[PDB]
Every structure is written in structure tokens, then in C-alpha cells.
file start.pdb (PDB, C-alpha atoms and all ligand atoms)
ATOM      1  CA  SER A  18     155.935 -95.649 126.877  1.00  0.00           C
ATOM      2  CA  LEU A  19     155.116 -94.275 130.355  1.00  0.00           C
ATOM      3  CA  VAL A  20     157.991 -93.115 132.598  1.00  0.00           C
ATOM      4  CA  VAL A  21     156.946 -92.692 136.235  1.00  0.00           C
ATOM      5  CA  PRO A  22     158.255 -89.356 137.648  1.00  0.00           C
ATOM      6  CA  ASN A  23     161.215 -89.948 140.007  1.00  0.00           C
ATOM      7  CA  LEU A  24     163.328 -86.751 140.276  1.00  0.00           C
ATOM      8  CA  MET A  25     162.797 -86.053 143.977  1.00  0.00           C
ATOM      9  CA  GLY A  26     162.256 -89.708 144.924  1.00  0.00           C
ATOM     10  CA  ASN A  27     165.743 -90.377 143.587  1.00  0.00           C
ATOM     11  CA  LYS A  28     167.168 -87.430 145.538  1.00  0.00           C
ATOM     12  CA  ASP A  29     165.431 -88.787 148.651  1.00  0.00           C
ATOM     13  CA  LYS A  30     166.900 -92.272 148.205  1.00  0.00           C
ATOM     14  CA  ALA A  31     170.413 -90.849 147.770  1.00  0.00           C
ATOM     15  CA  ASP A  32     169.970 -88.680 150.897  1.00  0.00           C
ATOM     16  CA  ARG A  33     168.577 -91.631 152.885  1.00  0.00           C
ATOM     17  CA  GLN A  34     171.549 -93.742 151.767  1.00  0.00           C
ATOM     18  CA  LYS A  35     174.015 -91.176 153.196  1.00  0.00           C
ATOM     19  CA  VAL A  36     172.049 -90.965 156.445  1.00  0.00           C
ATOM     20  CA  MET A  37     171.958 -94.769 156.796  1.00  0.00           C
ATOM     21  CA  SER A  38     175.732 -94.940 156.086  1.00  0.00           C
ATOM     22  CA  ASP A  39     176.352 -92.391 158.835  1.00  0.00           C
ATOM     23  CA  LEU A  40     174.008 -94.274 161.216  1.00  0.00           C
ATOM     24  CA  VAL A  41     175.761 -97.600 160.583  1.00  0.00           C
ATOM     25  CA  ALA A  42     179.167 -95.993 161.235  1.00  0.00           C
ATOM     26  CA  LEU A  43     177.852 -94.376 164.422  1.00  0.00           C
ATOM     27  CA  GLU A  44     176.377 -97.693 165.628  1.00  0.00           C
ATOM     28  CA  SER A  45     179.754 -99.418 165.095  1.00  0.00           C
ATOM     29  CA  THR A  46     181.478 -96.622 167.034  1.00  0.00           C
ATOM     30  CA  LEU A  47     178.914 -96.844 169.839  1.00  0.00           C
ATOM     31  CA  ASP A  48     179.598-100.599 170.015  1.00  0.00           C
ATOM     32  CA  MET A  49     183.352 -99.961 170.505  1.00  0.00           C
ATOM     33  CA  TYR A  50     182.487 -97.508 173.284  1.00  0.00           C
ATOM     34  CA  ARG A  51     180.280-100.175 174.890  1.00  0.00           C
ATOM     35  CA  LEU A  52     182.937-102.902 174.552  1.00  0.00           C
ATOM     36  CA  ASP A  53     185.268-100.689 176.612  1.00  0.00           C
ATOM     37  CA  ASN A  54     182.832 -99.037 178.986  1.00  0.00           C
ATOM     38  CA  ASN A  55     179.993-101.594 179.354  1.00  0.00           C
ATOM     39  CA  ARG A  56     177.219 -99.160 178.422  1.00  0.00           C
ATOM     40  CA  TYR A  57     176.258 -96.673 175.725  1.00  0.00           C
ATOM     41  CA  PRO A  58     176.387 -92.901 176.322  1.00  0.00           C
ATOM     42  CA  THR A  59     173.398 -91.432 178.155  1.00  0.00           C
ATOM     43  CA  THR A  60     171.146 -89.013 176.290  1.00  0.00           C
ATOM     44  CA  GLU A  61     172.957 -86.123 178.010  1.00  0.00           C
ATOM     45  CA  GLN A  62     176.416 -87.484 177.167  1.00  0.00           C
ATOM     46  CA  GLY A  63     175.251 -88.026 173.607  1.00  0.00           C
ATOM     47  CA  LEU A  64     177.104 -88.813 170.404  1.00  0.00           C
ATOM     48  CA  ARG A  65     179.685 -86.225 171.523  1.00  0.00           C
ATOM     49  CA  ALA A  66     180.859 -88.838 174.084  1.00  0.00           C
ATOM     50  CA  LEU A  67     182.411 -90.777 171.176  1.00  0.00           C
ATOM     51  CA  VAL A  68     184.805 -87.878 170.394  1.00  0.00           C
ATOM     52  CA  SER A  69     186.127 -87.183 173.900  1.00  0.00           C
ATOM     53  CA  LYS A  70     185.271 -88.287 177.405  1.00  0.00           C
ATOM     54  CA  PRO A  71     181.993 -86.870 178.765  1.00  0.00           C
ATOM     55  CA  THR A  72     181.991 -84.300 181.567  1.00  0.00           C
ATOM     56  CA  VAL A  73     178.893 -85.772 183.280  1.00  0.00           C
ATOM     57  CA  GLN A  74     178.211 -89.040 185.077  1.00  0.00           C
ATOM     58  CA  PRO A  75     178.094 -91.963 184.564  1.00  0.00           C
ATOM     59  CA  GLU A  76     181.803 -91.454 183.907  1.00  0.00           C
ATOM     60  CA  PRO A  77     183.064 -94.095 181.476  1.00  0.00           C
ATOM     61  CA  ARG A  78     185.570 -96.203 183.351  1.00  0.00           C
ATOM     62  CA  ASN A  79     187.737 -97.376 180.438  1.00  0.00           C
ATOM     63  CA  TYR A  80     187.669 -94.461 178.033  1.00  0.00           C
ATOM     64  CA  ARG A  81     190.396 -94.582 175.320  1.00  0.00           C
ATOM     65  CA  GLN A  82     192.500 -91.416 175.502  1.00  0.00           C
ATOM     66  CA  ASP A  83     191.999 -90.978 171.736  1.00  0.00           C
ATOM     67  CA  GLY A  84     188.222 -91.433 171.876  1.00  0.00           C
ATOM     68  CA  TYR A  85     186.193 -93.543 169.453  1.00  0.00           C
ATOM     69  CA  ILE A  86     185.768 -91.261 166.411  1.00  0.00           C
ATOM     70  CA  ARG A  87     187.779 -88.339 164.993  1.00  0.00           C
ATOM     71  CA  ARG A  88     184.756 -86.219 164.046  1.00  0.00           C
ATOM     72  CA  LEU A  89     180.991 -86.407 164.214  1.00  0.00           C
ATOM     73  CA  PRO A  90     179.376 -86.343 160.771  1.00  0.00           C
ATOM     74  CA  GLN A  91     176.556 -83.968 159.911  1.00  0.00           C
ATOM     75  CA  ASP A  92     173.531 -85.157 157.942  1.00  0.00           C
ATOM     76  CA  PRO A  93     172.922 -84.139 154.277  1.00  0.00           C
ATOM     77  CA  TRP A  94     171.070 -80.984 155.381  1.00  0.00           C
ATOM     78  CA  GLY A  95     173.827 -79.794 157.758  1.00  0.00           C
ATOM     79  CA  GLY A  96     171.983 -81.113 160.821  1.00  0.00           C
ATOM     80  CA  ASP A  97     173.358 -82.914 163.858  1.00  0.00           C
ATOM     81  CA  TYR A  98     172.714 -86.609 164.521  1.00  0.00           C
ATOM     82  CA  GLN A  99     170.676 -87.223 167.687  1.00  0.00           C
ATOM     83  CA  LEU A 100     170.850 -89.965 170.309  1.00  0.00           C
ATOM     84  CA  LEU A 101     168.239 -91.253 172.791  1.00  0.00           C
ATOM     85  CA  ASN A 102     169.065 -93.692 175.580  1.00  0.00           C
ATOM     86  CA  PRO A 103     167.062 -95.869 176.075  1.00  0.00           C
ATOM     87  CA  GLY A 104     165.683 -96.154 172.564  1.00  0.00           C
ATOM     88  CA  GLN A 105     162.096 -97.029 171.734  1.00  0.00           C
ATOM     89  CA  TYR A 106     163.152 -99.509 169.017  1.00  0.00           C
ATOM     90  CA  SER A 107     166.758-100.393 169.877  1.00  0.00           C
ATOM     91  CA  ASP A 108     169.089-100.026 172.863  1.00  0.00           C
ATOM     92  CA  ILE A 109     169.723 -96.544 171.451  1.00  0.00           C
ATOM     93  CA  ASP A 110     167.686 -94.539 168.956  1.00  0.00           C
ATOM     94  CA  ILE A 111     170.016 -92.595 166.629  1.00  0.00           C
ATOM     95  CA  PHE A 112     168.604 -90.243 164.021  1.00  0.00           C
ATOM     96  CA  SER A 113     169.071 -87.434 161.593  1.00  0.00           C
ATOM     97  CA  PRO A 114     166.514 -84.656 162.095  1.00  0.00           C
ATOM     98  CA  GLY A 115     165.866 -84.781 158.327  1.00  0.00           C
ATOM     99  CA  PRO A 116     165.037 -81.917 155.939  1.00  0.00           C
ATOM    100  CA  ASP A 117     163.248 -79.742 158.541  1.00  0.00           C
ATOM    101  CA  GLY A 118     166.256 -79.831 160.912  1.00  0.00           C
ATOM    102  CA  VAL A 119     164.148 -80.294 164.043  1.00  0.00           C
ATOM    103  CA  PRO A 120     164.585 -83.357 166.249  1.00  0.00           C
ATOM    104  CA  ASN A 121     161.498 -85.509 166.864  1.00  0.00           C
ATOM    105  CA  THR A 122     159.376 -84.563 163.858  1.00  0.00           C
ATOM    106  CA  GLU A 123     157.941 -86.573 160.945  1.00  0.00           C
ATOM    107  CA  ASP A 124     161.113 -85.723 158.979  1.00  0.00           C
ATOM    108  CA  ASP A 125     163.481 -87.707 161.238  1.00  0.00           C
ATOM    109  CA  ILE A 126     165.403 -90.536 159.559  1.00  0.00           C
ATOM    110  CA  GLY A 127     166.399 -93.035 162.243  1.00  0.00           C
ATOM    111  CA  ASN A 128     168.234 -96.301 162.878  1.00  0.00           C
ATOM    112  CA  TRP A 129     164.892 -97.973 163.625  1.00  0.00           C
ATOM    113  CA  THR A 130     164.398 -97.995 159.817  1.00  0.00           C
ATOM    114  CA  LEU A 131     167.655 -99.908 159.230  1.00  0.00           C
TER     115      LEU A 131
HETATM  116 CA    CA B 201     162.876 -83.649 162.012  1.00  0.00          CA
HETATM  117 NA    NA B 202     190.685 -88.346 169.382  1.00  0.00          NA
END
call {"tool": "encode", "arguments": {"input": "start.pdb", "output": "C-alpha cells"}}
result
Amino acid sequence: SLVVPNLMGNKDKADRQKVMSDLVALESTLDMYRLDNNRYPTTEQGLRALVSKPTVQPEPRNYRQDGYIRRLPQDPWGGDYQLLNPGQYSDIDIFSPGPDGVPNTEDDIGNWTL
């Protein structure tokens, strides 16, 4: 006879699920980039490197003319996914900035929680 409140918790789980789905897709795309080019994008090159060839070194040596992804997704709050090379927890840390929209805050939802 006691229903635990879950309105926002349920919203949070749905939002986290979209973020994780985006992160998984990005990781797969980053792996295709690495299979071709033998490294992941640098922090400067970023996730944008998956769309078209970066304009800074290290220049990928086997970059598909079509790139690795058609478009970069945004997170559920309209924010941009972030990339750090080298990662603290993985080869590459990839994360949504979360609700607050600021990279590297407590709000970040990252691939280290996959
Ligand atoms: Ca944040
Ligand atoms: Na393309």
C-alpha cells in the first residue's frame, strides 16, 4: 500500500538510457576510425574527427573519404558530447555534459559508467 515516488527518477533513467545509447554508438564509430587509422582522435581533433578529416596533426593516414558517421548526436539536453584522449578510465573518456550543460561537472554522464 506504499508506492515509492519515482517521477523524476524515471525521467533520469530514460535520459541516461539515451545518453548510453549515444555513447555506445560513438564508441563503435571511434573503433572503426581506429581500425583504419591506428589511433583514436586527439582531444583537439575530437568527436568531430569522425564526421570529416581533422585539420590538425596527427593527420589520420587512412581516413575514409566519407568519414565514419553522418552526424554527431546531441545529448537529451541539447548539449555536445565530449572526448578526452587519453581517458582516465578507458582509452578515451566520452561524455555528455548532463543537465547543467557544462563539461567536467558532477552532472556529466560518461562512458566510464557503462
Ligand atoms: Ca556537466
Ligand atoms: Na560523410
call {"tool": "residues_near_ligand", "arguments": {"input": "start.pdb", "ligand": "ligand CA 201 (chain B)", "cutoff": "12 Å", "atoms": "all atoms listed in the file", "output": "PDB file with C-alpha atoms, in the coordinates of the input"}}
result
ATOM      1  CA  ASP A  92     173.531 -85.157 157.942  1.00  0.00           C
ATOM      2  CA  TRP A  94     171.070 -80.984 155.381  1.00  0.00           C
ATOM      3  CA  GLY A  96     171.983 -81.113 160.821  1.00  0.00           C
ATOM      4  CA  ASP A  97     173.358 -82.914 163.858  1.00  0.00           C
ATOM      5  CA  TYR A  98     172.714 -86.609 164.521  1.00  0.00           C
ATOM      6  CA  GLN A  99     170.676 -87.223 167.687  1.00  0.00           C
ATOM      7  CA  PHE A 112     168.604 -90.243 164.021  1.00  0.00           C
ATOM      8  CA  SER A 113     169.071 -87.434 161.593  1.00  0.00           C
ATOM      9  CA  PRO A 114     166.514 -84.656 162.095  1.00  0.00           C
ATOM     10  CA  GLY A 115     165.866 -84.781 158.327  1.00  0.00           C
ATOM     11  CA  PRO A 116     165.037 -81.917 155.939  1.00  0.00           C
ATOM     12  CA  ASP A 117     163.248 -79.742 158.541  1.00  0.00           C
ATOM     13  CA  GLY A 118     166.256 -79.831 160.912  1.00  0.00           C
ATOM     14  CA  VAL A 119     164.148 -80.294 164.043  1.00  0.00           C
ATOM     15  CA  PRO A 120     164.585 -83.357 166.249  1.00  0.00           C
ATOM     16  CA  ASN A 121     161.498 -85.509 166.864  1.00  0.00           C
ATOM     17  CA  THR A 122     159.376 -84.563 163.858  1.00  0.00           C
ATOM     18  CA  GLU A 123     157.941 -86.573 160.945  1.00  0.00           C
ATOM     19  CA  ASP A 124     161.113 -85.723 158.979  1.00  0.00           C
ATOM     20  CA  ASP A 125     163.481 -87.707 161.238  1.00  0.00           C
ATOM     21  CA  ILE A 126     165.403 -90.536 159.559  1.00  0.00           C
ATOM     22  CA  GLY A 127     166.399 -93.035 162.243  1.00  0.00           C
TER      23      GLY A 127
END
call {"tool": "closest_atom_pairs", "arguments": {"input": "start.pdb", "of": "chain A", "to": "ligand NA 202 (chain B)", "cutoff": "9 Å", "atoms": "all atoms listed in the file", "output": "CSV"}}
result
residue,atom,partner,partner_atom,distance
A:67,CA,B:NA202,NA,8.8
A:68,CA,B:NA202,NA,6.0
A:69,CA,B:NA202,NA,6.5
A:81,CA,B:NA202,NA,8.6
A:82,CA,B:NA202,NA,7.1
A:83,CA,B:NA202,NA,3.8
A:84,CA,B:NA202,NA,4.7
A:85,CA,B:NA202,NA,6.9
A:86,CA,B:NA202,NA,6.4
A:87,CA,B:NA202,NA,5.3
A:88,CA,B:NA202,NA,8.3
call {"tool": "residues_near_point", "arguments": {"input": "start.pdb", "point": "(190.7, -96.6, 180.6)", "cutoff": "12 Å", "atoms": "all atoms listed in the file", "output": "PDB file with C-alpha atoms, keeping the file's coordinate frame"}}
result
ATOM      1  CA  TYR A  50     182.487 -97.508 173.284  1.00  0.00           C
ATOM      2  CA  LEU A  52     182.937-102.902 174.552  1.00  0.00           C
ATOM      3  CA  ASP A  53     185.268-100.689 176.612  1.00  0.00           C
ATOM      4  CA  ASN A  54     182.832 -99.037 178.986  1.00  0.00           C
ATOM      5  CA  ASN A  55     179.993-101.594 179.354  1.00  0.00           C
ATOM      6  CA  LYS A  70     185.271 -88.287 177.405  1.00  0.00           C
ATOM      7  CA  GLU A  76     181.803 -91.454 183.907  1.00  0.00           C
ATOM      8  CA  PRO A  77     183.064 -94.095 181.476  1.00  0.00           C
ATOM      9  CA  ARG A  78     185.570 -96.203 183.351  1.00  0.00           C
ATOM     10  CA  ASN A  79     187.737 -97.376 180.438  1.00  0.00           C
ATOM     11  CA  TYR A  80     187.669 -94.461 178.033  1.00  0.00           C
ATOM     12  CA  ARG A  81     190.396 -94.582 175.320  1.00  0.00           C
ATOM     13  CA  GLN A  82     192.500 -91.416 175.502  1.00  0.00           C
ATOM     14  CA  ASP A  83     191.999 -90.978 171.736  1.00  0.00           C
ATOM     15  CA  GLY A  84     188.222 -91.433 171.876  1.00  0.00           C
TER      16      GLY A  84
END
call {"tool": "closest_residue", "arguments": {"input": "start.pdb", "among": "A:49, A:64, A:19, A:31", "to": "residue 110 (chain A)", "atoms": "only C-alpha atoms"}}
result
A:64
call {"tool": "atom_distance", "arguments": {"input": "start.pdb", "atom1": "CA of residue 73 (chain A)", "atom2": "CA of residue 90 (chain A)"}}
result
22.5 Å
call {"tool": "atom_distance", "arguments": {"input": "start.pdb", "atom1": "CA of residue 35 (chain A)", "atom2": "CA of residue 23 (chain A)"}}
result
18.4 Å
call {"tool": "atom_distance", "arguments": {"input": "start.pdb", "atom1": "CA of residue 95 (chain A)", "atom2": "CA of residue 56 (chain A)"}}
result
28.5 Å
call {"tool": "resolve_selection", "arguments": {"input": "start.pdb", "expression": "the PyMOL selection byres (((chain A and resi 60) around 7) and not hetatm)", "output": "number ranges by chain"}}
result
A: 58-59, 61-63, 100-102
call {"tool": "closest_residue", "arguments": {"input": "start.pdb", "among": "A:20, A:129, A:89, A:57", "to": "residue 43 (chain A)", "atoms": "all atoms listed in the file"}}
result
A:89
call {"tool": "residues_around", "arguments": {"input": "start.pdb", "residues": "region 36-42 of chain A", "least_positions_apart": "2", "cutoff": "7 Å", "atoms": "all atoms listed in the file", "output": "list in words"}}
result
residues 32, 33, 34, 44, 45, 46, 92, 111, 113 and 128 of chain A
call {"tool": "write_last_selection", "arguments": {"input": "start.pdb", "atoms": "C-alpha atoms", "output": "PDB file, keeping the file's coordinate frame"}}
result
ATOM      1  CA  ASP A  32     169.970 -88.680 150.897  1.00  0.00           C
ATOM      2  CA  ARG A  33     168.577 -91.631 152.885  1.00  0.00           C
ATOM      3  CA  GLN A  34     171.549 -93.742 151.767  1.00  0.00           C
ATOM      4  CA  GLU A  44     176.377 -97.693 165.628  1.00  0.00           C
ATOM      5  CA  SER A  45     179.754 -99.418 165.095  1.00  0.00           C
ATOM      6  CA  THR A  46     181.478 -96.622 167.034  1.00  0.00           C
ATOM      7  CA  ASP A  92     173.531 -85.157 157.942  1.00  0.00           C
ATOM      8  CA  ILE A 111     170.016 -92.595 166.629  1.00  0.00           C
ATOM      9  CA  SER A 113     169.071 -87.434 161.593  1.00  0.00           C
ATOM     10  CA  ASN A 128     168.234 -96.301 162.878  1.00  0.00           C
TER      11      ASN A 128
END
